[PDB]
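K.L.:
Pasting model24.pdb below, which is PDB, C-alpha atoms and all ligand atoms.
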ATOM      1  CA  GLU A   2      -6.195   0.375 -23.633
ATOM      2  CA  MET A   3      -4.288   0.469 -20.287
ATOM      3  CA  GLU A   4      -5.117   4.217 -19.714
ATOM      4  CA  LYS A   5      -8.863   3.279 -19.457
ATOM      5  CA  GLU A   6      -8.106   0.067 -17.489
ATOM      6  CA  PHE A   7      -6.105   2.412 -15.094
ATOM      7  CA  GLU A   8      -9.129   4.758 -14.536
ATOM      8  CA  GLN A   9     -11.415   1.681 -13.935
ATOM      9  CA  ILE A  10      -9.074   0.092 -11.315
ATOM     10  CA  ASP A  11      -8.411   3.587  -9.825
ATOM     11  CA  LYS A  12     -12.144   4.690  -9.723
ATOM     12  CA  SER A  13     -13.129   1.176  -8.394
ATOM     13  CA  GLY A  14     -10.064   1.129  -5.996
ATOM     14  CA  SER A  15      -9.280  -2.477  -7.222
ATOM     15  CA  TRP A  16      -5.390  -2.290  -7.084
ATOM     16  CA  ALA A  17      -5.068  -4.676  -4.071
ATOM     17  CA  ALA A  18      -7.449  -7.055  -5.976
ATOM     18  CA  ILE A  19      -5.550  -6.997  -9.370
ATOM     19  CA  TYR A  20      -2.278  -7.388  -7.383
ATOM     20  CA  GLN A  21      -3.588 -10.537  -5.566
ATOM     21  CA  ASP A  22      -4.698 -12.216  -8.880
ATOM     22  CA  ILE A  23      -1.081 -11.668 -10.128
ATOM     23  CA  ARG A  24       0.247 -13.245  -6.890
ATOM     24  CA  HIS A  25      -2.072 -16.298  -7.370
ATOM     25  CA  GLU A  26      -1.208 -16.787 -11.122
ATOM     26  CA  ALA A  27       2.599 -16.343 -10.592
ATOM     27  CA  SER A  28       4.972 -19.224 -11.475
ATOM     28  CA  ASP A  29       6.537 -21.324  -8.697
ATOM     29  CA  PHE A  30       9.779 -23.095  -9.667
ATOM     30  CA  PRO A  31      12.297 -24.853  -7.477
ATOM     31  CA  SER A  32      15.115 -22.808  -5.790
ATOM     32  CA  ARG A  33      17.109 -25.786  -4.402
ATOM     33  CA  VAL A  34      20.560 -24.232  -4.906
ATOM     34  CA  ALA A  35      19.597 -21.011  -2.970
ATOM     35  CA  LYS A  36      18.463 -23.145   0.079
ATOM     36  CA  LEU A  37      21.680 -25.280   0.418
ATOM     37  CA  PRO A  38      23.146 -24.571   3.899
ATOM     38  CA  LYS A  39      26.525 -23.506   2.406
ATOM     39  CA  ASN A  40      24.648 -20.581   0.661
ATOM     40  CA  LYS A  41      22.723 -19.247   3.703
ATOM     41  CA  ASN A  42      25.134 -16.298   4.169
ATOM     42  CA  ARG A  43      24.937 -15.476   0.351
ATOM     43  CA  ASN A  44      21.244 -14.432   0.698
ATOM     44  CA  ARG A  45      20.098 -11.156   2.221
ATOM     45  CA  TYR A  46      16.449 -12.331   2.729
ATOM     46  CA  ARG A  47      15.507 -15.969   3.503
ATOM     47  CA  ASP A  48      12.231 -15.632   1.464
ATOM     48  CA  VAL A  49      13.841 -14.164  -1.770
ATOM     49  CA  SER A  50      15.597 -16.785  -3.847
ATOM     50  CA  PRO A  51      16.452 -17.125  -7.522
ATOM     51  CA  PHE A  52      14.839 -20.114  -9.333
ATOM     52  CA  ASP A  53      17.371 -22.786 -10.283
ATOM     53  CA  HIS A  54      16.430 -22.589 -14.002
ATOM     54  CA  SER A  55      17.209 -18.828 -14.424
ATOM     55  CA  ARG A  56      19.942 -18.306 -11.768
ATOM     56  CA  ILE A  57      23.287 -16.674 -12.753
ATOM     57  CA  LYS A  58      26.205 -18.996 -12.099
ATOM     58  CA  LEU A  59      29.642 -17.663 -11.096
ATOM     59  CA  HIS A  60      32.565 -19.303 -13.038
ATOM     60  CA  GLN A  61      34.431 -20.282  -9.747
ATOM     61  CA  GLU A  62      34.780 -24.096  -9.112
ATOM     62  CA  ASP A  63      34.310 -23.731  -5.293
ATOM     63  CA  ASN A  64      30.729 -22.284  -5.047
ATOM     64  CA  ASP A  65      28.950 -20.901  -8.168
ATOM     65  CA  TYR A  66      26.044 -19.343  -6.239
ATOM     66  CA  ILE A  67      24.874 -15.685  -6.283
ATOM     67  CA  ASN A  68      21.384 -14.389  -5.592
ATOM     68  CA  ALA A  69      20.810 -13.211  -9.188
ATOM     69  CA  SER A  70      18.376 -14.140 -11.984
ATOM     70  CA  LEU A  71      18.474 -13.710 -15.770
ATOM     71  CA  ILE A  72      15.181 -12.232 -17.099
ATOM     72  CA  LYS A  73      15.005 -12.958 -20.887
ATOM     73  CA  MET A  74      12.226 -11.005 -22.716
ATOM     74  CA  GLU A  75      12.180 -12.852 -26.098
ATOM     75  CA  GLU A  76       9.801 -10.569 -28.113
ATOM     76  CA  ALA A  77      11.403  -7.319 -26.732
ATOM     77  CA  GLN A  78      14.951  -8.736 -27.331
ATOM     78  CA  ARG A  79      15.940  -7.389 -23.856
ATOM     79  CA  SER A  80      17.740  -9.283 -21.059
ATOM     80  CA  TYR A  81      18.247  -8.099 -17.430
ATOM     81  CA  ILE A  82      20.097  -9.516 -14.439
ATOM     82  CA  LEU A  83      18.142  -8.791 -11.257
ATOM     83  CA  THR A  84      20.141  -9.248  -8.039
ATOM     84  CA  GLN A  85      19.961  -8.314  -4.377
ATOM     85  CA  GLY A  86      21.999  -5.434  -2.944
ATOM     86  CA  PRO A  87      25.384  -7.069  -2.229
ATOM     87  CA  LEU A  88      26.293  -8.169   1.314
ATOM     88  CA  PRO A  89      29.703  -7.381   2.921
ATOM     89  CA  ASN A  90      30.780 -10.928   2.020
ATOM     90  CA  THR A  91      29.358 -10.974  -1.591
ATOM     91  CA  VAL A  92      30.774  -7.667  -2.973
ATOM     92  CA  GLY A  93      33.534  -9.641  -4.767
ATOM     93  CA  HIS A  94      30.968 -12.137  -6.236
ATOM     94  CA  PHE A  95      28.869  -9.159  -7.479
ATOM     95  CA  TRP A  96      31.775  -7.695  -9.489
ATOM     96  CA  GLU A  97      32.816 -11.183 -10.678
ATOM     97  CA  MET A  98      29.272 -11.565 -12.090
ATOM     98  CA  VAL A  99      29.512  -8.129 -13.799
ATOM     99  CA  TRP A 100      32.826  -9.193 -15.364
ATOM    100  CA  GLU A 101      31.711 -12.711 -16.428
ATOM    101  CA  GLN A 102      28.372 -11.542 -17.969
ATOM    102  CA  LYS A 103      30.014  -8.601 -19.978
ATOM    103  CA  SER A 104      27.555  -6.128 -18.464
ATOM    104  CA  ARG A 105      28.227  -2.428 -19.268
ATOM    105  CA  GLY A 106      25.748  -0.912 -16.738
ATOM    106  CA  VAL A 107      24.738  -1.339 -13.103
ATOM    107  CA  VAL A 108      21.393   0.169 -12.118
ATOM    108  CA  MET A 109      20.951   0.813  -8.307
ATOM    109  CA  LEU A 110      17.464   1.883  -7.157
ATOM    110  CA  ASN A 111      18.107   2.182  -3.360
ATOM    111  CA  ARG A 112      20.262   4.179  -0.877
ATOM    112  CA  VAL A 113      22.824   2.283   1.200
ATOM    113  CA  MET A 114      20.854   3.294   4.317
ATOM    114  CA  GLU A 115      17.007   3.393   4.306
ATOM    115  CA  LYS A 116      14.687   3.568   7.401
ATOM    116  CA  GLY A 117      17.833   3.673   9.614
ATOM    117  CA  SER A 118      19.124   0.200   8.449
ATOM    118  CA  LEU A 119      21.707  -0.880   5.860
ATOM    119  CA  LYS A 120      20.007  -2.070   2.624
ATOM    120  CA  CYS A 121      23.281  -2.705   0.709
ATOM    121  CA  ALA A 122      27.091  -2.821   1.226
ATOM    122  CA  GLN A 123      29.062   0.172  -0.089
ATOM    123  CA  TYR A 124      30.341  -1.798  -3.135
ATOM    124  CA  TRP A 125      31.974   1.041  -5.199
ATOM    125  CA  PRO A 126      34.730   3.598  -4.355
ATOM    126  CA  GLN A 127      33.796   7.049  -3.029
ATOM    127  CA  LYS A 128      36.993   8.809  -4.175
ATOM    128  CA  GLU A 129      39.155   8.572  -7.347
ATOM    129  CA  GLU A 130      42.377   8.027  -5.348
ATOM    130  CA  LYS A 131      40.984   5.215  -3.084
ATOM    131  CA  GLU A 132      40.366   2.203  -5.383
ATOM    132  CA  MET A 133      38.892  -1.135  -4.085
ATOM    133  CA  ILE A 134      40.567  -4.543  -4.442
ATOM    134  CA  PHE A 135      38.398  -7.678  -4.084
ATOM    135  CA  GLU A 136      41.026 -10.260  -3.012
ATOM    136  CA  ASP A 137      38.587 -13.231  -3.283
ATOM    137  CA  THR A 138      37.774 -12.563  -7.019
ATOM    138  CA  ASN A 139      41.005 -10.829  -8.199
ATOM    139  CA  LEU A 140      39.297  -7.615  -9.384
ATOM    140  CA  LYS A 141      40.180  -3.942  -8.918
ATOM    141  CA  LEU A 142      37.610  -1.156  -9.156
ATOM    142  CA  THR A 143      38.467   2.591  -9.595
ATOM    143  CA  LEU A 144      36.131   5.559  -9.629
ATOM    144  CA  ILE A 145      36.937   7.550 -12.838
ATOM    145  CA  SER A 146      34.244  10.246 -12.635
ATOM    146  CA  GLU A 147      30.964  11.024 -10.871
ATOM    147  CA  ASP A 148      28.092  13.273 -12.113
ATOM    148  CA  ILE A 149      25.690  14.109  -9.226
ATOM    149  CA  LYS A 150      22.249  15.352 -10.352
ATOM    150  CA  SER A 151      19.098  16.155  -8.300
ATOM    151  CA  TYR A 152      17.308  12.770  -8.722
ATOM    152  CA  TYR A 153      20.335  10.475  -9.489
ATOM    153  CA  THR A 154      24.103  10.085  -9.907
ATOM    154  CA  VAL A 155      26.053   8.551 -12.808
ATOM    155  CA  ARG A 156      29.459   7.128 -12.097
ATOM    156  CA  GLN A 157      32.161   6.001 -14.517
ATOM    157  CA  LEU A 158      34.100   3.017 -13.100
ATOM    158  CA  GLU A 159      37.057   1.002 -14.343
ATOM    159  CA  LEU A 160      36.986  -2.699 -13.532
ATOM    160  CA  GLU A 161      40.308  -4.473 -13.964
ATOM    161  CA  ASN A 162      40.778  -8.233 -14.042
ATOM    162  CA  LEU A 163      44.047  -8.473 -12.027
ATOM    163  CA  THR A 164      44.555 -12.019 -13.480
ATOM    164  CA  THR A 165      44.655 -10.886 -17.193
ATOM    165  CA  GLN A 166      45.130  -7.071 -16.771
ATOM    166  CA  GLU A 167      42.058  -6.538 -19.040
ATOM    167  CA  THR A 168      40.009  -3.436 -18.093
ATOM    168  CA  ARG A 169      36.436  -2.365 -18.864
ATOM    169  CA  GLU A 170      34.438   0.733 -18.284
ATOM    170  CA  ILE A 171      31.218   0.145 -16.224
ATOM    171  CA  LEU A 172      28.512   2.835 -15.856
ATOM    172  CA  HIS A 173      26.802   2.986 -12.415
ATOM    173  CA  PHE A 174      23.329   4.541 -12.595
ATOM    174  CA  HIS A 175      22.174   5.376  -9.054
ATOM    175  CA  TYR A 176      18.594   6.564  -8.615
ATOM    176  CA  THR A 177      18.923   8.350  -5.230
ATOM    177  CA  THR A 178      15.399   9.809  -4.632
ATOM    178  CA  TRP A 179      13.106   6.767  -4.308
ATOM    179  CA  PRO A 180      11.121   7.508  -1.109
ATOM    180  CA  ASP A 181      11.780   5.369   2.037
ATOM    181  CA  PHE A 182       7.967   4.670   1.871
ATOM    182  CA  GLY A 183       5.447   4.273  -0.995
ATOM    183  CA  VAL A 184       6.445   5.321  -4.569
ATOM    184  CA  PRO A 185       7.741   8.528  -6.227
ATOM    185  CA  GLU A 186       4.723  10.930  -6.471
ATOM    186  CA  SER A 187       5.274  11.483 -10.276
ATOM    187  CA  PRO A 188       6.979   9.037 -12.706
ATOM    188  CA  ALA A 189       8.695  11.957 -14.489
ATOM    189  CA  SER A 190      12.124  11.620 -12.783
ATOM    190  CA  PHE A 191      12.007   7.790 -13.020
ATOM    191  CA  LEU A 192      11.334   7.978 -16.847
ATOM    192  CA  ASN A 193      14.127  10.604 -17.246
ATOM    193  CA  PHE A 194      16.432   8.116 -15.390
ATOM    194  CA  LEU A 195      15.306   5.163 -17.574
ATOM    195  CA  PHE A 196      15.968   7.189 -20.831
ATOM    196  CA  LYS A 197      19.412   8.113 -19.393
ATOM    197  CA  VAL A 198      20.156   4.371 -18.955
ATOM    198  CA  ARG A 199      18.926   3.642 -22.533
ATOM    199  CA  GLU A 200      20.930   6.526 -24.046
ATOM    200  CA  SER A 201      24.142   5.130 -22.482
ATOM    201  CA  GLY A 202      23.913   1.889 -24.506
ATOM    202  CA  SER A 203      23.875  -0.267 -21.291
ATOM    203  CA  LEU A 204      20.565  -1.981 -22.409
ATOM    204  CA  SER A 205      21.814  -2.655 -25.971
ATOM    205  CA  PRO A 206      22.358  -6.163 -27.426
ATOM    206  CA  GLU A 207      26.102  -5.479 -28.151
ATOM    207  CA  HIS A 208      26.678  -5.769 -24.340
ATOM    208  CA  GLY A 209      25.880  -8.355 -21.655
ATOM    209  CA  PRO A 210      22.675  -7.848 -19.668
ATOM    210  CA  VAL A 211      22.346  -4.803 -17.447
ATOM    211  CA  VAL A 212      22.603  -5.544 -13.707
ATOM    212  CA  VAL A 213      19.619  -4.131 -11.807
ATOM    213  CA  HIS A 214      19.261  -4.110  -7.985
ATOM    214  CA  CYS A 215      17.464  -2.581  -5.000
ATOM    215  CA  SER A 216      17.691  -4.313  -1.570
ATOM    216  CA  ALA A 217      15.911  -7.623  -2.445
ATOM    217  CA  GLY A 218      16.094  -7.156  -6.270
ATOM    218  CA  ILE A 219      12.288  -7.705  -6.761
ATOM    219  CA  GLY A 220      10.308  -4.473  -5.992
ATOM    220  CA  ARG A 221      11.870  -1.275  -7.386
ATOM    221  CA  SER A 222      14.063  -3.479  -9.676
ATOM    222  CA  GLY A 223      10.868  -5.109 -11.030
ATOM    223  CA  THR A 224       9.297  -1.669 -11.760
ATOM    224  CA  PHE A 225      12.402  -0.657 -13.773
ATOM    225  CA  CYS A 226      12.466  -3.736 -16.119
ATOM    226  CA  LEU A 227       8.607  -3.867 -16.393
ATOM    227  CA  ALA A 228       8.460  -0.195 -17.598
ATOM    228  CA  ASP A 229      11.430  -0.640 -20.005
ATOM    229  CA  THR A 230      10.052  -3.884 -21.584
ATOM    230  CA  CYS A 231       6.444  -2.512 -21.935
ATOM    231  CA  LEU A 232       7.698   0.708 -23.665
ATOM    232  CA  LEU A 233       9.948  -1.329 -26.027
ATOM    233  CA  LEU A 234       7.002  -3.627 -26.974
ATOM    234  CA  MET A 235       4.789  -0.551 -27.697
ATOM    235  CA  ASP A 236       7.492   0.598 -30.181
ATOM    236  CA  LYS A 237       7.983  -2.848 -31.825
ATOM    237  CA  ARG A 238       4.154  -2.944 -32.307
ATOM    238  CA  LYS A 239       3.790   0.908 -32.424
ATOM    239  CA  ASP A 240       0.334   0.262 -30.758
ATOM    240  CA  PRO A 241      -0.314   0.974 -27.017
ATOM    241  CA  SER A 242      -3.355  -1.432 -27.066
ATOM    242  CA  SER A 243      -1.745  -4.877 -27.832
ATOM    243  CA  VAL A 244       0.479  -4.568 -24.679
ATOM    244  CA  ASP A 245      -0.967  -5.986 -21.407
ATOM    245  CA  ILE A 246       1.264  -4.957 -18.407
ATOM    246  CA  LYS A 247      -0.288  -7.875 -16.334
ATOM    247  CA  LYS A 248       0.802 -10.442 -18.984
ATOM    248  CA  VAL A 249       4.310  -8.905 -19.244
ATOM    249  CA  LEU A 250       4.686  -8.985 -15.422
ATOM    250  CA  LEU A 251       3.603 -12.667 -15.293
ATOM    251  CA  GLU A 252       6.102 -13.535 -18.060
ATOM    252  CA  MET A 253       8.887 -11.758 -16.048
ATOM    253  CA  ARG A 254       7.763 -13.675 -12.863
ATOM    254  CA  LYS A 255       8.672 -16.955 -14.614
ATOM    255  CA  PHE A 256      12.314 -15.826 -14.174
ATOM    256  CA  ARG A 257      12.407 -14.312 -10.660
ATOM    257  CA  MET A 258       9.812 -14.499  -7.903
ATOM    258  CA  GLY A 259       7.998 -11.566  -6.376
ATOM    259  CA  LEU A 260       8.708  -8.896  -9.019
ATOM    260  CA  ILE A 261       6.601  -5.846  -7.980
ATOM    261  CA  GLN A 262       6.135  -6.078  -4.178
ATOM    262  CA  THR A 263       3.039  -3.859  -3.519
ATOM    263  CA  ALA A 264      -0.192  -2.696  -5.243
ATOM    264  CA  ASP A 265       1.392   0.789  -5.082
ATOM    265  CA  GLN A 266       4.372  -0.356  -7.200
ATOM    266  CA  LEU A 267       1.892  -1.952  -9.680
ATOM    267  CA  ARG A 268      -0.124   1.332  -9.951
ATOM    268  CA  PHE A 269       3.199   3.265 -10.328
ATOM    269  CA  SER A 270       4.335   0.838 -13.140
ATOM    270  CA  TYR A 271       1.071   1.598 -15.042
ATOM    271  CA  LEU A 272       1.540   5.396 -14.583
ATOM    272  CA  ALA A 273       5.188   5.134 -15.756
ATOM    273  CA  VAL A 274       4.234   3.170 -18.930
ATOM    274  CA  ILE A 275       1.185   5.432 -19.674
ATOM    275  CA  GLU A 276       3.304   8.638 -19.296
ATOM    276  CA  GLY A 277       6.294   7.161 -21.177
ATOM    277  CA  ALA A 278       3.909   6.184 -24.065
ATOM    278  CA  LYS A 279       3.347   9.969 -24.717
ATOM    279  CA  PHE A 280       7.147  10.117 -25.497
ATOM    280  CA  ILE A 281       6.971   7.155 -28.025
ATOM    281  CA  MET A 282       3.152   6.656 -28.641
TER
HETATM  282  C1  LIG B 301      26.378   9.950 -21.424
HETATM  283  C2  LIG B 301      27.338   8.756 -21.203
HETATM  284  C3  LIG B 301      27.963   8.687 -19.734
HETATM  285  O1  LIG B 301      27.342   9.594 -18.877
HETATM  286  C4  LIG B 301      29.589   8.821 -19.624
HETATM  287  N1  LIG B 301      30.093  10.009 -18.754
HETATM  288  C5  LIG B 301      29.494  10.224 -17.460
HETATM  289  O2  LIG B 301      29.951   9.872 -16.419
HETATM  290  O3  LIG B 301      28.250  10.900 -17.442
HETATM  291  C6  LIG B 301      28.191  12.155 -18.154
HETATM  292  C7  LIG B 301      30.937  10.941 -19.535
HETATM  293  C8  LIG B 301      30.298  11.339 -20.877
HETATM  294  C9  LIG B 301      30.227  10.126 -21.808
HETATM  295  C10 LIG B 301      30.404   8.808 -21.007
HETATM  296  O4  LIG B 301      30.019   7.665 -21.692
HETATM  297  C11 LIG B 301      31.919   8.850 -20.647
HETATM  298  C12 LIG B 301      32.259  10.209 -19.964
END
Produce structure tokens that represent the structure in this file.

P.N.:
Amino acid sequence: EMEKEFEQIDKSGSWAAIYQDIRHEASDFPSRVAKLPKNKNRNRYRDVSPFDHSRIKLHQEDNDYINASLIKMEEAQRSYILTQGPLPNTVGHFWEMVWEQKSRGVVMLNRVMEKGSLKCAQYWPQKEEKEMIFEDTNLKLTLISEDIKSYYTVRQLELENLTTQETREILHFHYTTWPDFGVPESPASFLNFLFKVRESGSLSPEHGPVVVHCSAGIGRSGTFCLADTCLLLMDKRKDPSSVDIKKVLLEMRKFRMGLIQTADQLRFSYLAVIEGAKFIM
């Protein structure tokens, strides 16, 4: 059981050690499309690339590339799109992806400014009456409503395909209180946020995959989909002993590199799953 494995790693201080074995066992697949010179300004970080095999393709004939990966968890019957925080020049591609993949939710785990630098473009409207038009992808985005809570904000957005005049409602789940350094001291507010995403239906098989991002789309974003998948598997098996968080993480790392960036995020992922287990057992 992971609770006992947790105490062992914690009492032995072996987190940096466990984390390194994960790094060494992780899949390495080609990312040729990400490294083409025409895509250099579509990537926020030169060392974070989607694998070719799992990359999301845009349906535009010109350039189909976006720094996004499809993570398909077969036994949990859950899919996720993990992406980077959009750049000034990829905000239209971001919303095009949301449209094309029939996503109902966007999960954002960063602030636009962290450690005095920009981690993401402002890619949604701040006021109802000031909608955004993405001329490159022919989309319009309107803020419908905003609910600001202590640890996160939920926004109701309307996305309109200006080409066909179809509209959809997108839910934006913005976790606003992830610390500039380390990890949230308790997983309580993170679990409350995750259940709020679940309750919305954004993670349900009747919709396209949820879009999840932070700045790179590997660290905080990894913690979110690792906790969700582990808790779902514990329900499907109704046994918190058959589920190995290290095996789940390695399976997710076949789809996008680098998921879970620090030994701290790994320890936090354990704590989140152990605590969430109480509310599902
Ligand atoms: C709980 C679902 C989600 O939060 C949505 N919303 C919202 O912005 O948060 C309260 C309103 C209540 C139901 C909505 O689906 C639509 C309007």

K.L.:
Identify which of the residues A:170, A:236, A:207, A:147 lies closest to ligand LIG 301 (chain B), counting all atoms listed in the file when measuring atom-to-atom distances.

P.N.:
A:147

K.L.:
When you draw a straight line from CA of residue 219 in chain A to CA of residue 199 in chain A, how long is it in Å?

P.N.:
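Taking CA of residue 219 in chain A and CA of residue 199 in chain A, their separation equals 20.5 Å.
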
K.L.:
Once you count all atoms listed in the file, which residues end up within 7 Å of ligand LIG 301 (chain B), and could you hand them over as a list in words?

P.N.:
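Residues satisfying the distance criterion: residues 146, 147, 148, 155, 156, 157, 200 and 201 of chain A.
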
K.L.:
Please, what distance in Å, to one decimal, runs between CA of residue 162 in chain A and CA of residue 94 in chain A?

P.N.:
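A separation of 13.1 Å between them.
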
K.L.:
Which residues are close to residue 190 in chain A, i.e. within 12 Å by all atoms listed in the file, leaving aside same-chain residues fewer than 6 positions away? Reply as a short mmCIF file (atom, residue, chain, number, x, y, z; two decimals) with C-alpha atoms, keeping the file's coordinate frame.

P.N.:
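What ended up in result.cif:
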data_model
loop_
_atom_site.label_atom_id
_atom_site.label_comp_id
_atom_site.auth_asym_id
_atom_site.auth_seq_id
_atom_site.Cartn_x
_atom_site.Cartn_y
_atom_site.Cartn_z
CA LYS A 150 22.25 15.35 -10.35
CA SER A 151 19.10 16.16 -8.30
CA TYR A 152 17.31 12.77 -8.72
CA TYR A 153 20.34 10.48 -9.49
CA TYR A 176 18.59 6.56 -8.62
CA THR A 177 18.92 8.35 -5.23
CA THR A 178 15.40 9.81 -4.63
CA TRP A 179 13.11 6.77 -4.31
CA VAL A 184 6.44 5.32 -4.57
CA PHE A 196 15.97 7.19 -20.83
CA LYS A 197 19.41 8.11 -19.39
CA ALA A 273 5.19 5.13 -15.76
CA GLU A 276 3.30 8.64 -19.30
CA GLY A 277 6.29 7.16 -21.18
#

K.L.:
How many Å lie between CA of residue 257 in chain A and CA of residue 232 in chain A, rounded to one decimal?

P.N.:
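Separation between CA of residue 257 in chain A and CA of residue 232 in chain A: 20.4 Å.
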
K.L.:
List every protein, DNA or RNA residue that has an atom no more than 12 Å from (38.2, -9.9, -11.7) in the file's coordinate frame, counting all atoms listed in the file, and report them as an MDAnalysis selection string.

P.N.:
chainID A and resid 59:61 92:103 133:142 159:169

K.L.:
To test your reading of the syntax: which residues would the PyMOL selection byres (((chain A and resi 269) around 12) and not hetatm) return for the file shown? Reply as a VMD selection string.

P.N.:
chain A and resid 7 11 16 183 to 189 191 to 192 220 to 221 223 to 225 227 to 228 246 261 to 268 270 to 277

K.L.:
Go ahead and write the selection's residues with C-alpha atoms as a PDB file, in the coordinates of the input.

P.N.:
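Output saved as part-v8.pdb:
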ATOM      1  CA  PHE A   7      -6.105   2.412 -15.094  1.00  0.00           C
ATOM      2  CA  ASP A  11      -8.411   3.587  -9.825  1.00  0.00           C
ATOM      3  CA  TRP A  16      -5.390  -2.290  -7.084  1.00  0.00           C
ATOM      4  CA  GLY A 183       5.447   4.273  -0.995  1.00  0.00           C
ATOM      5  CA  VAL A 184       6.445   5.321  -4.569  1.00  0.00           C
ATOM      6  CA  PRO A 185       7.741   8.528  -6.227  1.00  0.00           C
ATOM      7  CA  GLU A 186       4.723  10.930  -6.471  1.00  0.00           C
ATOM      8  CA  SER A 187       5.274  11.483 -10.276  1.00  0.00           C
ATOM      9  CA  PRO A 188       6.979   9.037 -12.706  1.00  0.00           C
ATOM     10  CA  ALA A 189       8.695  11.957 -14.489  1.00  0.00           C
ATOM     11  CA  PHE A 191      12.007   7.790 -13.020  1.00  0.00           C
ATOM     12  CA  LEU A 192      11.334   7.978 -16.847  1.00  0.00           C
ATOM     13  CA  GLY A 220      10.308  -4.473  -5.992  1.00  0.00           C
ATOM     14  CA  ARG A 221      11.870  -1.275  -7.386  1.00  0.00           C
ATOM     15  CA  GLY A 223      10.868  -5.109 -11.030  1.00  0.00           C
ATOM     16  CA  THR A 224       9.297  -1.669 -11.760  1.00  0.00           C
ATOM     17  CA  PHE A 225      12.402  -0.657 -13.773  1.00  0.00           C
ATOM     18  CA  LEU A 227       8.607  -3.867 -16.393  1.00  0.00           C
ATOM     19  CA  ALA A 228       8.460  -0.195 -17.598  1.00  0.00           C
ATOM     20  CA  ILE A 246       1.264  -4.957 -18.407  1.00  0.00           C
ATOM     21  CA  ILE A 261       6.601  -5.846  -7.980  1.00  0.00           C
ATOM     22  CA  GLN A 262       6.135  -6.078  -4.178  1.00  0.00           C
ATOM     23  CA  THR A 263       3.039  -3.859  -3.519  1.00  0.00           C
ATOM     24  CA  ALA A 264      -0.192  -2.696  -5.243  1.00  0.00           C
ATOM     25  CA  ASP A 265       1.392   0.789  -5.082  1.00  0.00           C
ATOM     26  CA  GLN A 266       4.372  -0.356  -7.200  1.00  0.00           C
ATOM     27  CA  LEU A 267       1.892  -1.952  -9.680  1.00  0.00           C
ATOM     28  CA  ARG A 268      -0.124   1.332  -9.951  1.00  0.00           C
ATOM     29  CA  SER A 270       4.335   0.838 -13.140  1.00  0.00           C
ATOM     30  CA  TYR A 271       1.071   1.598 -15.042  1.00  0.00           C
ATOM     31  CA  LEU A 272       1.540   5.396 -14.583  1.00  0.00           C
ATOM     32  CA  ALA A 273       5.188   5.134 -15.756  1.00  0.00           C
ATOM     33  CA  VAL A 274       4.234   3.170 -18.930  1.00  0.00           C
ATOM     34  CA  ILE A 275       1.185   5.432 -19.674  1.00  0.00           C
ATOM     35  CA  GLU A 276       3.304   8.638 -19.296  1.00  0.00           C
ATOM     36  CA  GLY A 277       6.294   7.161 -21.177  1.00  0.00           C
TER      37      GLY A 277
END

K.L.:
Tell me which residues the PyMOL selection byres (((chain A and resi 128) around 10) and not hetatm) grabs here, as a compact mmCIF listing (two decimals) with C-alpha atoms, keeping the file's coordinate frame.

P.N.:
# COMPACT_ATOMS: atom_id res chain seq x y z
CA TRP A 125 31.97 1.04 -5.20
CA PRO A 126 34.73 3.60 -4.36
CA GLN A 127 33.80 7.05 -3.03
CA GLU A 129 39.16 8.57 -7.35
CA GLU A 130 42.38 8.03 -5.35
CA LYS A 131 40.98 5.22 -3.08
CA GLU A 132 40.37 2.20 -5.38
CA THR A 143 38.47 2.59 -9.60
CA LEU A 144 36.13 5.56 -9.63
CA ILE A 145 36.94 7.55 -12.84
CA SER A 146 34.24 10.25 -12.64
CA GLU A 147 30.96 11.02 -10.87

K.L.:
Kindly indicate which residue among A:193, A:154, A:50, A:205 lies nearest to residue 217 in chain A, using all atoms listed in the file for the distances.

P.N.:
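With all atoms listed in the file as the atom set, the closest residue is A:50.
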
K.L.:
Selection in question (the file shown): the PyMOL selection byres (((chain A and resi 27-34) around 10) and not hetatm). Which residues does it include, as number ranges by chain?

P.N.:
A: 21-26, 35-40, 49-56, 65-68, 250-260

K.L.:
Find the residue from A:44, A:124, A:73, A:231 that sits nearest to residue 278 in chain A; use all atoms listed in the file when measuring.

P.N.:
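Selected residue with least distance to residue 278 in chain A: A:231.
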
K.L.:
So which one's closest to residue 72 in chain A, A:279, A:5, A:120, A:218? Using all atoms listed in the file, please.

P.N.:
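Between A:279, A:5, A:120, A:218, the residue approaching residue 72 in chain A most closely is A:218.
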
K.L.:
Please provide as a PyMOL selection string all residues within 6 Å of residue 171 in chain A, with the sequence filter that same-chain residues fewer than 3 positions apart are discarded (counting all atoms listed in the file).

P.N.:
chain A and resi 105-106+158

K.L.:
Output C-alpha atoms for every residue in the selection just made, as a compact mmCIF listing (two decimals), keeping the file's coordinate frame.

P.N.:
# COMPACT_ATOMS: atom_id res chain seq x y z
CA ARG A 105 28.23 -2.43 -19.27
CA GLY A 106 25.75 -0.91 -16.74
CA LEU A 158 34.10 3.02 -13.10

K.L.:
Nearest to residue 229 in chain A among A:42, A:84, A:78, A:242, with distances taken over all atoms listed in the file: which residue is it?

P.N.:
A:78

K.L.:
Taking into account only C-alpha atoms, which residue in the set A:173, A:63, A:230, A:245 is nearest to residue 107 in chain A?

P.N.:
A:173

K.L.:
Name all residues at most 7 Å from residue 83 in chain A (count only C-alpha atoms; drop same-chain ones fewer than 6 positions away) and give them as JSON, numbers by chain.

P.N.:
{"A": [69, 70, 71, 212, 213, 214, 218, 222]}

K.L.:
Would you put the residues from that selection into a file with C-alpha atoms, as a short mmCIF file (atom, residue, chain, number, x, y, z; two decimals), in the frame of the given file?

P.N.:
data_model
loop_
_atom_site.label_atom_id
_atom_site.label_comp_id
_atom_site.auth_asym_id
_atom_site.auth_seq_id
_atom_site.Cartn_x
_atom_site.Cartn_y
_atom_site.Cartn_z
CA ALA A 69 20.81 -13.21 -9.19
CA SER A 70 18.38 -14.14 -11.98
CA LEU A 71 18.47 -13.71 -15.77
CA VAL A 212 22.60 -5.54 -13.71
CA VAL A 213 19.62 -4.13 -11.81
CA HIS A 214 19.26 -4.11 -7.98
CA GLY A 218 16.09 -7.16 -6.27
CA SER A 222 14.06 -3.48 -9.68
#
